[PDB]
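> Residue numbers (the entry's author numbering), protein chains in the order written: chain A, 325 to 363, 373 to 410; chain A', 325 to 363, 373 to 410. A prime marks a further copy of an entry chain. Even for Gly, the Cβ is constructed at its ideal location relative to N, Cα and C. Structure in structure tokens, see below.
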């Protein structure tokens, strides 16, 4: 896809957020990554379209202390 | 203490439940154990009195698929 979201926070916040979104909002997103770091926990969520992501943003609450950035990306090579 | 609760479910349910109870209901319980198994995930929550546990039971929702058993125990030796 080309529609994404990056969620940040503690390892636990990130892990439980993903768990919630997966058990309760599976239809609101395409795929999700396991937790990763930079060599703050981070997970990448993909979306099949801006709509799905819009719907996601409207039903999934961003817990206190957590971050979320929206991205649009294109494949180069 | 002598007032307890045993919560059961998948490793993930148990882990996130504990995380929720710890960040949002810290005053409703005394201590909690990390996840353990029998050689279903299991965590043991202690309570300073039946009241606190009663209050806990009234504010903490048992997620679908999860289990909870109440116990009273006495030290023998």
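(1) Rounding to the nearest angstrom, what Cα-Cα distance links residue 385 (chain A') and residue 357 (chain A') in this structure?
(2) What separation, rounded to the nearest whole angstrom, lies between the Cα atoms of residue 400 (chain A) and residue 344 (chain A)?
(3) How many whole angstroms separate the CB atoms of residue 353 (chain A') and residue 376 (chain A'), which I take to be in contact at a CB cut-off of 8 angstroms?
(4) Given that residue 356 (chain A') touches chain A, what residues does it touch there, using C-beta distances under 8 angstroms?
(5) Just the C-alpha distance for residue 396 (chain A) and residue 410 (chain A'), rounded to the nearest angstrom, thanks.
(6) Within the segment 374-400 of chain A', note down every full beta strand (DSSP E) run reaching 3 residues or more, in order along the chain.
(7) DSSP on residue 343 (chain A), reduced to helix/strand/coil?
(8) Exposed or buried, which one is residue 350 (chain A') when buried takes at least 16 other CB atoms within 10 Å?
(9) For a contact meaning CB atoms closer than 9 angstroms, what does residue 400 (chain A) contact in chain A'?
So, from the listed chains and residues:
(1) 17 angstroms
(2) 16 angstroms
(3) Not quite, the Cβ-Cβ distance comes to about 11 angstroms (not below 8 angstroms), so this is no contact.
(4) What residue 356 (chain A') touches in chain A: nothing, since even the nearest Cβ is about 14 angstroms away.
(5) 45 angstroms
(6) 374-380
(7) helix
(8) exposed
(9) None at all; the shortest Cβ gap to chain A' is about 17 angstroms.
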